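Coordinates in review
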Amino acid sequence: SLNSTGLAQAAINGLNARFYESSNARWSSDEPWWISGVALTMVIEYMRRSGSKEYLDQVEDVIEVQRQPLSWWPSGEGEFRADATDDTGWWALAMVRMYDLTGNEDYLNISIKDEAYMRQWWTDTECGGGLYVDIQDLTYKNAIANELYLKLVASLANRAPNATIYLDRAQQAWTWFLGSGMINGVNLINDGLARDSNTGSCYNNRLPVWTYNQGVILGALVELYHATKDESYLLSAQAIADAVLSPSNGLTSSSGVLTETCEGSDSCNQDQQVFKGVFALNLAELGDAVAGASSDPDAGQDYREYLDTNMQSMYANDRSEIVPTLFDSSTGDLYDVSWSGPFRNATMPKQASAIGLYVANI
Ligand SMILES: OC[C@H]1O[C@H](O[C@@H]2[C@H](O)[C@@H](OC[C@H]3O[C@H](O)[C@@H](O)[C@@H](O)[C@@H]3O)O[C@H](CO)[C@H]2O)[C@@H](O)[C@@H](O)[C@@H]1O
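Parameters at a glance
- Residues numbered from 1 in each chain as written, not as in the entry; some residues may be left out.
- Heavy atoms only, no water.
- Helix = DSSP H or I, 4+ residues; strand = E, 2+ residues; numbered from the N terminus.
- Rg over C-alpha atoms; globule rule 2.2 N^0.38 Å.
- Buried < 20%, exposed > 50% of the residue type's maximum accessible area, 1.4 Å probe, protein only.
- Contact = heavy atoms within 4.5 Å.
- Near = heavy atom within 4 Å.
- Nonpolar A, V, L, I, M, F, W, Y, C, P; charged D, E, K, R; others polar.
- Polar contact = N/O pair within 3.5 Å; in protein donor to acceptor, adjacent residues only side chain to side chain.
- Patch = residues over 30% accessible without salt bridge, like charges linked within 9 Å, V, L, I, M, F, W, Y side chains within 5 Å.
- Areas by Shrake-Rupley, 256 points an atom, 1.4 Å probe, with all protein chains shown as cover.
- Salt bridge = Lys/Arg side-chain N within 4 Å of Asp/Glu carboxyl O.
- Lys, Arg positive; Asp, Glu negative; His and termini not counted.
- Charge placed at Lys NZ, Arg CZ, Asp CG, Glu CD.
- Disulfide = S-S within 2.5 Å.
- Axes fitted to C-alpha atoms, helices over the stretch in contact; angles between N-to-C directions.
- Parallel < 35°, antiparallel > 145°, perpendicular 65-115°, else oblique.
- Left-handed = near helix turned anticlockwise from the far one by under 90°.

In the PDB header, X-ray crystallography is given as the technique by which the entry was determined, and 2.70 Å as its resolution.

What follows is the structure in structure tokens.
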């Protein structure tokens with residue numbers, strides 16, 4: 001009764017009608033630049049899963065303009081190399097998807113440049129590995145920057161020419177992530193690592209458990225399996241996803257609705273408004289991998305059911321439509337942060353996360 005393809009296209013059109021800036025080939029310049037890359041990922045993935053190409057022209061426009069040297073980080077020399085390794089990671093993975101959609105080697109080359117760039121801040125001398133997120137300061141090895149990097153080298157191991165060096169890098173990277181301690185006692189991932197003032201050893205800093213730090217790692221473990229056929233990577237990804245699905249861990253509501261930790265206090269900032277959809281998309285990649293690796297028809301049924309349960313809740317309770325005019329005949333759908341709570345406002349990060357859930361069900 002619910003077409004995930006029709007509703008994704010409607011949410012994409014709502015994203016464009018309210019937040020796309022033709023003058024700047026970017027969505028919402030008042031919102032973080034990296035969230036435009038998350039948005040590009042969702043539009044690229046919609047097209048990759050629905051066989052459609054309606055936004056291909058728009059996507060290429062964004063790519064060409066955001067390719068250029070960033071005004072706030074000229075030293076990066078463009079090609080999405082920014083002042084933060086996670087900012088670069090989001091665009092790099094969007095280019096892996098651009099390559100998956102079009103087959104154009106140009107986008108794969110961007111991802112290779114981005115990996116070499118991010119690897120510049122991998123050090124074995126602190127925490128025994130991992131990279132920093134703050135390229136200027138180098139004081140925080142967190143979860144998202146390392147998850148993004150891990151999925152980049154894992155992705156290149158399946159696509160890039162010198163796959164071997166990327167497979168060795170991805171295997172050594174997952175090993176570091178596993179032993180870092182960021183995966184806690186319930187198989188969830190806190191925000192990052194803290195470092196001992198005296199001993200220099202690193203530990204889980206017990207900062208909040210964000211939804212997207214439970215998703216990007218799933219995509220990485222999926223790609224790590226497609227490059228090794230070692231189902232052990234899938235089982236690790238299933239442990240993380242299963243913990244997100246358990247309501248005892250606080251991320252899944254009693255209704256079965258994914259709930260960001262900030263939604264209760266209504267303090268979800270521009271970053272946190274987009275987290276959920278990144279997880280959903282990555283969970284759909286896990287569910288797809290689990291069902292293909294096993295003959296059981298029920299393989300990945302829980303992950304599919306979860307995405308379906310969350311999509312109907314976001315549709316019924318979180319949706320709003322745009323008012324068409326005699327001048328603007330633009331149509332689509334708008335969405336708020338709470339996939340169960342009421343629609344009050346729509347922001348571009350909230351919109352990108354909604355698109356991600358619909359695309360996760362295509
Ligand atoms: O005491 C509160 C928490 O303190 C530690 O958490 C921090 C942060 O996790 C981490 O983020 C880097 C941080 O650097 C600046 O000093 C700070 O001003 C901020 O802008 C920036 O995000 O810094 C260190 C490294 O993890 C760490 O001290 C936890 O260890 C824990 O004690 C508490 O949860």
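Here the focus is the overall build of the protein. The secondary structure content of the protein amounts to twelve helices and six strands. For a compact globule of 362 residues, the expected C-alpha radius of gyration is about 21 Å, and the protein comes in at 19 Å, within 12% of that figure. Counting all 362 residues of the protein, 58% fall into the buried class. Put simply, 64% of the contacts in the protein that link residues at least 6 apart link residues at least 24 apart.

This part is about the site of the ligand. Around the ligand sit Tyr140, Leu193, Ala194, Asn205 and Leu207, and those are all the residues in its vicinity. Here the shell around the ligand is composed, by residue class, of four nonpolar, one polar and no charged.

Its place among the elements puts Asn204 in strand β4 (residues 202-204). Given a relative accessible area of 6%, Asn204 falls into the buried group. Each C-alpha atom, one on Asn204 and one on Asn142, is 9.5 Å from the other, the two residues being 62 residues apart in sequence. The residues contacting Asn204, other than those within four sequence positions of it, are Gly181, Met182, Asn184, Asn190, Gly192 and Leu193. There is a polar contact of 2.6 Å between the side chain of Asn204 and the side chain of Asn190. In terms of polar contacts, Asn204 uses its side chain to reach the backbone amide nitrogen of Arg206, at 2.7 Å.

Moving on: a negative patch on the surface. Side chains of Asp242, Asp296, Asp298, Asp302, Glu305 and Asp308 sit close together on the surface and give a patch of like negative charge. In terms of residue count, the dominant contributor to the negative patch is helix α11 (residues 301-318) (three residues). Since its relative accessible area comes to 35%, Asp308 is described here as partly exposed.

What follows deals with the state of the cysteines. Using the criterion set out here, one finds two disulfides in the structure. With its sulfur 2.0 Å from that of its partner, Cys127 forms a disulfide with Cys202. In this structure the cystine formed by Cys127 and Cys202 twists about its S-S bond by roughly -75 degrees; its chirality is therefore left-handed. With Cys127 in the loop between α5 (105-119) and α6 (143-157) and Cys202 in strand β4, this residue pair connects regions lying 75 residues apart in the sequence. Since its relative accessible area comes to 24%, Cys127 is described here as partly exposed. Its relative accessible area of 21% is what places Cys202 among the partly exposed residues.

So, about the packing of helix α2 (residues 33-50) against helix α4 (residues 85-102). Running from N to C, α2 and α4 cross one another at 20 degrees; their axes reach a closest spacing of 9 Å. Considered as vectors, α2 and α4 are oriented roughly parallel to each other. Relative to α4, α2 is oriented so that their crossing is left-handed. Here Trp33, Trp34, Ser36, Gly37, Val38, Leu40, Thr41, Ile44, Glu45, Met47 and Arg48 of α2 come into contact with α4, specifically with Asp87, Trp90, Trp91, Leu93, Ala94, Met95, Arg97, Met98, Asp100 and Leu101.

Before going further, it helps to examine the pattern of salt bridges. The tally for this structure, following the rule as stated, stands at 17 salt bridges. Two residues, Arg49 and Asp288, come together in a salt bridge whose shortest N-O distance is 2.8 Å. Within this pair, whereas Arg49 is found in helix α2, its partner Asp288 is found in helix α10 (residues 275-293), the two being separated by 239 residues in sequence. Assessed through its relative accessible area of 25%, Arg49 is described here as partly exposed. For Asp288, a relative accessible area of 39% corresponds to the partly exposed category. Across the salt bridge formed by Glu79 and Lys113, the nearest N and O atoms sit 3.2 Å from each other. Of the two residues, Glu79 is situated in the loop between α3 (56-67) and α4 and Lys113 in helix α5; the sequence distance between them amounts to 34 residues. Look at the salt bridges and you will find they share partners, linking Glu45, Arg48, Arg49, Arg97, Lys151, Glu285, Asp288 and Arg304 into a network.

Across the interface, α6 lies against helix α8 (residues 216-226) with an axial gap of 8 Å and an inter-helix angle of 25 degrees. Between α6 and α8, the angle falls in the class roughly parallel. The two elements α6 and α8 cross, and the hand of that crossing is left-handed. Residue-level contacts link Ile144, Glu147, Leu148, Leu150, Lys151, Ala154 and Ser155 of α6 to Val216, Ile217, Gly219, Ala220, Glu223 and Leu224 of α8. Here the contact of α6 with α8 is composed, by residue class, of eight nonpolar, two polar and three charged.

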